[PDB]
């Protein structure tokens, strides 16, 4: 268990797209951002690594390691300071994704938390929930996949703290994504991403599925809300990896060639819920899938549950 790394209140991330459709990356700005947000991505990667190790069994030390890291960032007020804006709101997006990773790790490991760790971490996760939610009160902040990703941290915080108010908030974010699906299966704000339209439909599906999967921890079946809409979106994504012609036509751009990876592992859960599970076999075959922003090993969590049994 390495020492908990510094948890600064402040973030200074750098946007890295060159075009209006946020579809072409400036590699210089991407390298700059990677360096600027390295502490945040490293924190996420490690707490997820520790949570995955805990889930293997006979490794409570790993679970406690995640809690030591989370408690250290809670006590330093990590990410609750200045979201510095350079060329866009990348700092806010990083706080959304890192809150999600931290909240997922806490949800997975909290059975081992001490009394002080529970109070420290839950207060911090609720403060991050309020701060990230307040970002979305400005209607100029378009509620695309970033909004659904914000729901990951809010939902994990809601389940871990058994907070019915935060649960209602997260349900609203999930349902906003479901309600945004058009009859043809598209999410218009993701379809506007030109060569990355398929990528962003995949990336928008990921937090929606993860939220519904966390709702199962409270016995709820969120897939019954507008039942079938999420399937239309998920099926478009699976179809698009086989044949991008629909995404090509509807986005106006030939899709970037890519294989499912990382957050695409929402399919590991969703194939267990879909009325047509085998349509997702080709995506499943690209696994296993790991993503710290979604709690770690999605392939294993879909089989063993998000929260390991103590």
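Residue numbers count along the first chain shown, from 1.
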Of 143-151 and 108-116, the stretch whose C-alpha atoms average the higher B-factor in the entry: 108-116
Tell me which stretch has the larger mean Cα B-factor in this entry, 132-140 or 166-174. 132-140
Which listed residue, 37, 278, 45, 283, has the largest C-alpha temperature factor in the record? 37
Considering only modelled residues of the same chain, in which third does the CA B-factor of residue 17 rank: lowest, middle or highest? highest
On the chain's distribution of Cα B-factors, residue 24 falls within the third called highest
Chain-wide C-alpha B factor ranking for residue 264, given as lowest, middle or highest third: lowest
Of the three thirds of its chain by CA temperature factor, lowest, middle or highest, which one includes residue 207? lowest
Here the Cα B-factor of residue 82, set against its chain, lands in the third termed middle
